[PDB]
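Read-outs throughout are calculated quantities, based only on the coordinates presented, and are distinct from any laboratory measurement. Because the Cβ atoms are built from the backbone with ideal geometry, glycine has one as well, and the counts that use them run over all protein chains shown.
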Amino acid sequence: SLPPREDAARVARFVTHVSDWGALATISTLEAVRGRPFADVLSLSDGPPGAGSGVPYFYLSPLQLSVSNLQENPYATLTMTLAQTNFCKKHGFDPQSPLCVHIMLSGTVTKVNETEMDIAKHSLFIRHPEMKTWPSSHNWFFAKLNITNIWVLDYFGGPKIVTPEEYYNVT
Amino acid sequence: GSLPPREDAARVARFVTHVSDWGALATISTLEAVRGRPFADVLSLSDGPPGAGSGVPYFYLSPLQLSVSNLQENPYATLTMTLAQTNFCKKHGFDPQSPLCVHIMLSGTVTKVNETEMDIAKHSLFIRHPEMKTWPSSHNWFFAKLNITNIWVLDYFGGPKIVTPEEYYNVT
């Protein structure tokens, strides 16, 4: 269940963990829209049913537009909302109401290293069983968001700012 | 209310825009801490009431919002919407990142709506989002729209399908 709204770090970890996907903002490298912000929908997982770590893992292909973008500028902002569940519908909260909790995680997106490759794979493949069947020729790699900044919109008033250290220090 | 033929990417894009009550808007951040970084954020939207979706994404925005402070400095933005916002992808067994779980990106500028278009924006938004009638006047809400110059549709294998604004708006 949703953590107390005053505990922003806990709220962020709750929302990251319950999201199976989110929207990732990048800078376009396409010549026609070069330099303009771009948005895209990615599947994600921070871990299996009882062990969400807050780390957003992705499974990506060099063919993807967002990956072309990250090759030229690896900064990205991921946004997730509880409107992705039935939470907001059930409470009658408009998706734009800060009662319909949403968060933004910004940082850089990198290919996961050898040590973390097994946890990334397991986190992603358990949550997304279709990935096992994706086409091998598209050259899939495991990636992650390295979070440097966090905004939490869970009540009226400004965004609540949470440090990566505070976010990762949650159980 | 079923999904159009996937080959008709213009029709599919209009279908997605109309079934979406919200989307993710990407802007360039003007926050000191992260200036110049791509920023994403969740906005409510509407293109019309139930039988009059025009395809035009209208927003109800406040100068207090992070996205709006970004748009004042650079009005370029990209909105994305996915059928994973409904039960469509779960019911059919399409992973949210499978192109079969349709998602679209509409890129352009966000501007304040004209006097002559305020009423249609208002009617479109307030009917889809009745809570907005109760939002605080102190936030100085205004009606905004996305002016679309570029459209990508992910609705099948084989990569993105490009749709021109004129194809998208000529859908009936």
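At a Cα cut-off below 20 Å, give the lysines reachable from residue B:161, other chains included and same-chain residues fewer than 8 away excluded.
Filter leaves no residues.
Could you bin all the Cα-Cα distances of the range A:6-171 into 10 Å bins starting at 0 and give me the percent of pairs in each, rounded to whole numbers?
P(r) for the range A:6-171, in whole percents per bin: 10, 38, 36, 15, 1.
Please average, across the residues of A:18-29, the number of beta carbons from any other chain that are within 10 Å of each residue's own beta carbon, and give a whole number. Spell out each step's value before the answer.
Numbers: counts 0, 1, 6, 9, 4, 14, 5, 14, 5, 5, 7, 0.
Per residue, the number of nearby Cβ atoms from other chains is 6 on average.
Looking at the range B:1-88, which GluC sites (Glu not before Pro) are DSSP coil and have at most 12 other C-beta atoms within 10 Å of their C-beta? Mind dumping the intermediate values first?
Numbers: sites: B:7, B:32, B:73; in loops: B:7.
Those satisfying the criteria are B:7.
Are there chymotrypsin sites (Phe, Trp or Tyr not before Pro) in the range A:99-161 that DSSP puts in a loop and that have at most 10 other Cβ atoms within 10 Å, and which ones? Provide the component values of the computation, followed by the final result.
Values: sites: A:125, A:140, A:141, A:142, A:151, A:155, A:156; in loops: A:140, A:155, A:156.
Filter output for the range A:99-161: A:156.
Give the relative contact order (percent, whole number) for chain B; include only Cα pairs under 8 Å separated by 6+ residues.
Working: 336 pairs, mean separation 45.0, N = 172.
That works out to 26 percent.
Amide H neighbours of residue B:41 under 5 Å, at least 5 residues apart or on other chains, H built in the peptide plane: list them.
Long-range HN contacts for residue B:41: B:25.
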